[PDB]
Each structure stands twice: as structure tokens, then as C-alpha cells.
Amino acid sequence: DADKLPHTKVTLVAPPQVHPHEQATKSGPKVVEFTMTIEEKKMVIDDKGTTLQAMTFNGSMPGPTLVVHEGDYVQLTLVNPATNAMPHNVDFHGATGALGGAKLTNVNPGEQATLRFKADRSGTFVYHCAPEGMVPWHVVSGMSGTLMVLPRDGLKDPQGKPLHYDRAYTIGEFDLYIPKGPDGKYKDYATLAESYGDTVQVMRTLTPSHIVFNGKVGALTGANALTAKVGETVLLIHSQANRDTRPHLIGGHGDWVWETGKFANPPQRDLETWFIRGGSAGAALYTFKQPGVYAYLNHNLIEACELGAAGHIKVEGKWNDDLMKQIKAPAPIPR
């Protein structure tokens, strides 16, 4: 009975970071309390000034990652401020019943509600908005994120030996469907409501206009590139609430990967490219062995390089000539 347990309150942080948390823990079950506030807003999604009439949990695409341990209870307060135009809700794939919670969290502008569910299954799980009659529209306009339910004794390899990460990043991949006018330029809308009909027509073609990580082309590059060091193990959580994607780390590997994202299954090792099913989140570990700027991307290279699904990881430390060496630099073909 959950009414007996202690409560904790967690303060969420914005992607790509994930809020501090323990992996293996001595602590017993708790009710973990979270709050998120919906923000509808217009966002610029590319380097030519294209806009999206977006919908977000807590102002970001994706929404923040919530982290609990298996056996915990998640207690979410969801707030839809009066500054918004649309009703919203939440479906947690990690939850059991009532369409993931959607049936109990229908909130019109100016309202709020509070849901509890048992996080009884370990893994990374998508959450998303699911208003009746307009589910795909809210999802593809940005209303999704990840719940990570860690096993109480931390992650394990196929032989039951312990695994860990020194640092975690969360990547949400968003297939966008931005309409164009008769002139061939993307339309800019005044309100969310006025984008709907043209957007549905684009959706039905199944061809995204843009595919972005974390809300925009180049979100995870330059000053916003991800960071690590030789010797550090990173966990890359990758969510795609609507469409398949195939994550790859260029110059690296997936050392241990749960592509279906469920920690009670053995992970696979040495992956070049893994597969996130639309409607799921997965997770990969990698320990950096070389310094440099890596790219992390969807390995449909058109989706990555033309449509936007790629970021950078900047890695510090010493080059290792045993792993890789330039034996002869580019030079003329001998006469």
C-alpha cells in the first residue's frame, strides 16, 4: 500500500541534461513527486527561420526526463496554464491502466491535475500528450519525453555483472510536418489553431519536412554540443514517440544497448547502429577511448544530414595510436 511510504520531491532539469539521481541504491520505495507545466509556443526550428507552432511539456522539446527506481510511485502534477489555447493530458507508457493516465489527466486551459502510478517495470519509457481526436498532432508538435525506471540494484550485463554510467544525456527526436504555400516557402502561422488543417495534410503524406534532435536543426552542436572525456562512460537515452530512428555514434559504438529500452532484458554489445521503434525510448552505454568531436545521428544519412537529425559530442583526452594510427598522410600517388 503506497499511502504508507515516504515522499520525495524532484526538481527537473532541461534536456539534454538529466536531473541528479542514484543508480544502484540502498534506499527502499518512495512516492516521487514531480510537476510539469505545459507551454504552447512558436519556435524557430532551422537556420533559415522556419517556424513551428509547437506544444511542450515544461517549455522544451523533448520534455524533461523523469528518473525513479523500480518499485517507486510516480506522482505527477500536470499544469495547463490559462495562457494556453488547447486541452492536454499525459499517457505514460511506463504506467498500467486508463490509457497510460490520459483518461485521468484531461486538463483544459487554467486547470491542473495530479496522477499516481506504480513504476513496477524497469526501462526507459515514452510519455506523451494524447487528447482524444488529435493525438498525432500534439505528439508531432513536441509533446513527449522519457520516464527512466532504474532497477533498484542498478544496470546489469547479460551475465548479471554490474554496469554503470558516469554521465547521462537525453535526446528526443522529432519528425516535423511543416506545410508550404503555393510559392514553395514554409508557412508561418499566427496561432496554433490555424496550423492544424494544413499540418494534417502534410502528416498524411508520411514525409517529414524536418527531423530534429531537441527541437531544432543543430540544437546539440557548437556551444550546445554534448561533452565527455576519455575514460568516462555516458548513457544516451533516445526517445521517438511517433517514427522509427536508427542511432549511431560516428567513431564510436554502442558498448551495451537496450534498443527496446527495457532493463530486465540482456543488452546487446558492440553495436554500430541500433533501432528505436516509433513509440519507444531506448538506451545505450559507451566508454570513450579517443578524444575528438564525435557525431551522434540517425543513420538514415538523408534524415541526419539533410533533414536535421544529428548532434555532436566533444571529447577530451589523449589519442591512442594502438586503436587508430595514420600510417601515411594523404600524399601524391608515387610516380
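Residues carry their position along the shown sequence, with the first being 1.
Relative to one another, 198 to 206 and 130 to 138 have unequal mean CA B-factors, and 130 to 138 is the one with the higher figure. Stretches 29 to 37 and 296 to 304 differ in mean CA B factor, with 29 to 37 having the higher one. Considering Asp157, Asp183, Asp244, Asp91 together, the PDB entry gives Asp183 the largest C-alpha B factor. For the set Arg277, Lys48, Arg269, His69, the PDB entry puts the maximum C-alpha B factor at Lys48.
Among the modelled residues of the chain, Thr191 sits in the middle third by CA temperature factor in this PDB entry. In the PDB entry, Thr96 places in the middle third of its chain by CA B-factor. Ranked by C-alpha B-factor against the other modelled residues of its chain, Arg121 falls in the middle third. Compared with the other modelled residues of the chain, the Cα B-factor recorded for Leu220 ranks in the middle third.
Ranked by Cα temperature factor within the chain, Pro151 sits in the middle third according to the deposited record.
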